Amino acid sequence: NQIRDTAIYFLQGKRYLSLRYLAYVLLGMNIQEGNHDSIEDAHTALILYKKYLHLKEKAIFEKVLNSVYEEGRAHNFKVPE
RNA sequence: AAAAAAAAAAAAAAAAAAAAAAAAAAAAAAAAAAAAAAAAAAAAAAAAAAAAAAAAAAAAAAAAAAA
Ligand SMILES: [Mg+2]
């Protein structure tokens, strides 16, 4: 009940996701720059966990999630630059 | 008066019993009767009778990270 892993709430196909593209899609793509700020990492993970909380209160996040999953696999889940 | 040594080396010696035609009995139904080395000489291991062997146990992984 305490591991609370935002990679696991949005996991797909045993592909342990790289949260750079997750923050580029689900929020502003400010986590696509660089410099590897850990405080930025935890803060964006906080924001994505809040996004999980909001759209799990909406409880329909798998629909648009799988739509943008297929859409980003047309992108092949790469880094948009 | 058939009157013989009275036992080495743990010697050595007894049996502890039969066709019965006694009386007017034919010619193997036995179940098989069945010997040869020795010129430096004969030589299975696995565990040993298939009187009934269906014999691919699904797979799919689009991929990571971890800024
Ligand atoms: Mg990652």
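Any residue in the range A:38-60 that is surrounded by 14 or more Cβ atoms within 10 Å (Cβ to Cβ) and in a loop (DSSP other than H, G, I, E, B)?
no
Restricting to the range A:1-14, give me the number of residues that are near RNA strand B (Cβ under 6 Å from one of its atoms), exposed (fewer than 14 other Cβ atoms within 10 Å of the Cβ) and either part of a helix (DSSP H, G or I) or without any contact (Cβ under 8 Å) to a residue 24 or more places away in the chain (or both).
Count: 2.
Just to be sure I understand, how many residues within the range A:18-64 are closer than 19 Å to A:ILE8 by Cβ, small (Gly, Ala, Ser) and more than 9 Å from RNA strand B (Cβ to nearest atom)?
Result for the range A:18-64: 1.
Out of the residues in the range A:14-41 that are more than 13 Å from A:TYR69 (Cα to Cα) and of a type in the set (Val, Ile, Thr), which is nearest to the ligand (Cβ to nearest atom)?
Across the range A:14-41, the extreme among qualifying residues is A:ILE31.
Bear in mind that the values in this text are calculations on the coordinates, not laboratory data. Quick reminder, even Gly has a Cβ in these numbers, built from the backbone with ideal geometry, and neighbours come from all protein chains shown.
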